[PDB]
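Report on the structure given below.
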Amino acid sequence: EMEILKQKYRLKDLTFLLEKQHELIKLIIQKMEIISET
Amino acid sequence: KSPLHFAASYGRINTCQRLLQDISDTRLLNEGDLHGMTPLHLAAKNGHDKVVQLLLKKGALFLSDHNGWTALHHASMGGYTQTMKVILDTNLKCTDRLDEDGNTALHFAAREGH
């Protein structure tokens, strides 16, 4: 039980990190110098 | 044209401010994609609020694409609450519209579980 519980918390931390990273990448597109391939 | 679809589809606020300074030009925003999607729906789908509010201040007229989906519908898939609040405060007549089969904005919000 405690091992699956630990896995659940680790996966929650992982998905929080991935959500933040995805928001960050969206930040990356929303200000880009797309001129050569515009 | 296509660059407008691209830029409005990914939250390029400065470019939008640049290339829609022509007030008399109206038909280009009301254009359609291969699926008829209007930039509003694109920005609602791709997580962007400043661009959709900027277009709304122009009077986007709330176009509807194929499959009957509308801006609120596409904004629902993704759980972006900010676009919901900035698109609902303007008019309450944009919640009960219906798509090709009968699903509403609530149907899709529940479907994606936000």
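Chains: A, B, ... in order of the structure tokens. Residues: from 1 per chain. Ligands: from 1, in order shown.
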Tell me as a list in words which residues belonging to chain A come within 7 Å of chain B, counting only C-alpha atoms.
residues 29, 30 and 31 of chain A
Keeping only N, CA, C and O atoms, take the residues you just selected and write them out as a PDB file, in the first residue's frame.
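Once written, selection.pdb looks like this:
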ATOM      1  N   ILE A  29       6.462  29.939 -27.562  1.00  0.00           N
ATOM      2  CA  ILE A  29       5.899  30.283 -28.877  1.00  0.00           C
ATOM      3  C   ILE A  29       5.320  31.689 -28.861  1.00  0.00           C
ATOM      4  O   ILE A  29       5.411  32.418 -29.856  1.00  0.00           O
ATOM      5  N   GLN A  30       4.695  32.093 -27.752  1.00  0.00           N
ATOM      6  CA  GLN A  30       3.917  33.325 -27.819  1.00  0.00           C
ATOM      7  C   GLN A  30       4.789  34.555 -28.037  1.00  0.00           C
ATOM      8  O   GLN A  30       4.253  35.633 -28.307  1.00  0.00           O
ATOM      9  N   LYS A  31       6.110  34.421 -27.930  1.00  0.00           N
ATOM     10  CA  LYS A  31       7.055  35.480 -28.277  1.00  0.00           C
ATOM     11  C   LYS A  31       8.199  34.821 -29.045  1.00  0.00           C
ATOM     12  O   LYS A  31       9.154  34.330 -28.438  1.00  0.00           O
TER      13      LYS A  31
END
Determine, counting only C-alpha atoms, which protein, DNA and RNA residues have an atom within 12 Å of an atom of stretch 77-86 of chain B; residues of the same chain fewer than 2 positions away are not included. Present the result as a PDB file with C-alpha atoms, in the first residue's frame.
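Okay, result_25.pdb is ready:
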ATOM      1  CA  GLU A  19       2.128  21.025 -16.814  1.00  0.00           C
ATOM      2  CA  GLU A  23       2.956  26.296 -20.044  1.00  0.00           C
TER       3      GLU A  23
ATOM      4  CA  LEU B  40     -11.156  32.837 -32.326  1.00  0.00           C
ATOM      5  CA  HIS B  41     -11.670  29.075 -32.197  1.00  0.00           C
ATOM      6  CA  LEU B  42      -7.965  28.475 -32.838  1.00  0.00           C
ATOM      7  CA  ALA B  43      -6.849  30.723 -29.976  1.00  0.00           C
ATOM      8  CA  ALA B  44      -9.475  29.130 -27.744  1.00  0.00           C
ATOM      9  CA  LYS B  45      -8.079  25.707 -28.633  1.00  0.00           C
ATOM     10  CA  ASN B  46      -4.407  26.612 -28.181  1.00  0.00           C
ATOM     11  CA  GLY B  47      -4.498  28.338 -24.786  1.00  0.00           C
ATOM     12  CA  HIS B  48      -4.478  32.078 -25.465  1.00  0.00           C
ATOM     13  CA  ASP B  49      -6.660  34.860 -24.053  1.00  0.00           C
ATOM     14  CA  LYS B  50      -5.106  38.193 -25.043  1.00  0.00           C
ATOM     15  CA  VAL B  51      -5.519  37.484 -28.757  1.00  0.00           C
ATOM     16  CA  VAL B  52      -9.149  36.375 -28.427  1.00  0.00           C
ATOM     17  CA  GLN B  53     -10.015  39.408 -26.307  1.00  0.00           C
ATOM     18  CA  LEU B  54      -8.274  41.681 -28.826  1.00  0.00           C
ATOM     19  CA  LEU B  55     -10.309  40.176 -31.665  1.00  0.00           C
ATOM     20  CA  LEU B  56     -13.479  40.388 -29.551  1.00  0.00           C
ATOM     21  CA  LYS B  57     -12.918  44.109 -29.004  1.00  0.00           C
ATOM     22  CA  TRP B  69     -18.699  24.165 -32.538  1.00  0.00           C
ATOM     23  CA  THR B  70     -18.169  27.742 -31.394  1.00  0.00           C
ATOM     24  CA  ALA B  71     -15.495  29.729 -29.553  1.00  0.00           C
ATOM     25  CA  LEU B  72     -16.688  28.713 -26.083  1.00  0.00           C
ATOM     26  CA  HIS B  73     -16.843  25.086 -27.196  1.00  0.00           C
ATOM     27  CA  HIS B  74     -13.217  25.041 -28.332  1.00  0.00           C
ATOM     28  CA  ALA B  75     -12.134  27.019 -25.271  1.00  0.00           C
ATOM     29  CA  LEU B  88     -18.832  35.115 -21.123  1.00  0.00           C
ATOM     30  CA  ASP B  89     -18.860  38.603 -19.588  1.00  0.00           C
ATOM     31  CA  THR B  90     -19.585  40.173 -22.986  1.00  0.00           C
ATOM     32  CA  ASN B  91     -22.776  38.215 -23.681  1.00  0.00           C
ATOM     33  CA  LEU B  92     -24.838  35.476 -22.033  1.00  0.00           C
ATOM     34  CA  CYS B  94     -23.360  32.457 -26.288  1.00  0.00           C
ATOM     35  CA  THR B  95     -23.867  29.556 -23.861  1.00  0.00           C
ATOM     36  CA  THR B 104     -23.069  22.279 -25.553  1.00  0.00           C
ATOM     37  CA  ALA B 105     -20.080  23.915 -23.862  1.00  0.00           C
ATOM     38  CA  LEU B 106     -20.956  22.128 -20.621  1.00  0.00           C
ATOM     39  CA  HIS B 107     -20.965  18.778 -22.418  1.00  0.00           C
ATOM     40  CA  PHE B 108     -17.394  19.274 -23.596  1.00  0.00           C
ATOM     41  CA  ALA B 109     -16.149  20.761 -20.320  1.00  0.00           C
ATOM     42  CA  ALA B 110     -17.483  17.711 -18.506  1.00  0.00           C
ATOM     43  CA  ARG B 111     -16.039  15.457 -21.216  1.00  0.00           C
ATOM     44  CA  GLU B 112     -12.538  16.833 -20.679  1.00  0.00           C
ATOM     45  CA  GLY B 113     -13.104  16.885 -16.909  1.00  0.00           C
ATOM     46  CA  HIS B 114     -12.032  20.436 -16.062  1.00  0.00           C
TER      47      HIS B 114
END
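Near residue B:33, within 10 Å and counting only C-alpha atoms, sit residues 2, 5, 37, 38, 39, 65 and 66 of chain B; same-chain residues fewer than 4 positions away were not included.
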Could you check which of B:97, B:4, B:103, B:16 is closest to residue B:32, using only C-alpha atoms?
B:4
